[PDB]
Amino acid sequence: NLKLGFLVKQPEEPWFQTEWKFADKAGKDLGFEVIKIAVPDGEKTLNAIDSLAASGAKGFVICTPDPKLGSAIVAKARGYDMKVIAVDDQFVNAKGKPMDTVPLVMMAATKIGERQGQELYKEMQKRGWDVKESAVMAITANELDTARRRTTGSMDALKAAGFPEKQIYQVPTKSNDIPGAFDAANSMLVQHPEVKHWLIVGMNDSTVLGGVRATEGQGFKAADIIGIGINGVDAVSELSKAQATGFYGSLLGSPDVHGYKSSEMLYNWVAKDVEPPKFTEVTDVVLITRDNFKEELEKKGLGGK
């Protein structure tokens, strides 16, 4: 009866696919229809809201393709008597200050970034790399808070663990995907012939994967590369390959939680003016590798591997 939207910036990522899946679940439970829309850019975002209004949706969950669209999104929604909840990516104002007023569901970015770093360092030690000939490549998306806090967290952890600060090289990526990250990593690789072993730091699976792909192209074998993604669900195809690669593992979050919970809260809000908490931080994480990925997915009920 009631129709609620679930707008995602990147429909191609398993992460977002899963959030859609679990929105559908909440829909069945509570008795609402979820309208699933891809919003890969600003225009499509604004158009999509119009479209929702036409369909008579009461509200929407959104992961905006651009945090800086926040103001506009709110203005449009307001106009249509729509309630908004942000998932994953927080709205910011013109100045890049967060819009605290919009309820947000997100991962504990910093904490998860830090776990990445810890796990990078641990695996390095396991392999017995000489620090003197090792480096960290940090592929950054500093314009996105959530991404920033992951990669910063990771670098902080590595530094805390005793990885030499001066051997940490950052490079911005133009896009938060494989192609973008590849390009970025490549440009950094050719700058540093002296490095024999790389740690790859990136905010998510795709970013790290791009990094890994570049290293391979520059004649690094798996043993000499450690990349640990974040998302988990996005990494399955990699972890499924016959042969081990530079991509060691991924930190599996809870896209299920993000999808279901964001939806359920909106409904309660729309249906019963039950005001959501402003901020919901999801702290779940588990390292999945070649050995355990299958169990851990099935254990979290994201079956298939």
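We number the residues from 1 along the sequence you see.
- Legend: mean Cα B-factor per stretch from the PDB entry, 223 to 231 versus 86 to 94; the higher mean is in 86 to 94.
- In this crystal structure, the stretch out of 157 to 165 and 136 to 144 whose C-alpha atoms carry the higher mean B factor is 157 to 165.
- The PDB entry assigns its highest CA temperature factor, among 215, 125, 204, 118, to 125.
- Note on 268, 64, 250, 240: the highest value goes to 268, judged by CA B factor as recorded.
- In the PDB entry, residue 256 places in the lowest third of its chain by CA B-factor.
- Residue 245 sits in the lowest third of its chain by CA B factor, as recorded in the PDB entry.
- Among the modelled residues of the chain, residue 51 sits in the highest third by CA temperature factor in this PDB entry.
- Per the PDB record, residue ranking by Cα B-factor puts residue 13 in the middle third of the chain.
- Per the PDB record, residue ranking by Cα B-factor puts residue 4 in the middle third of the chain.
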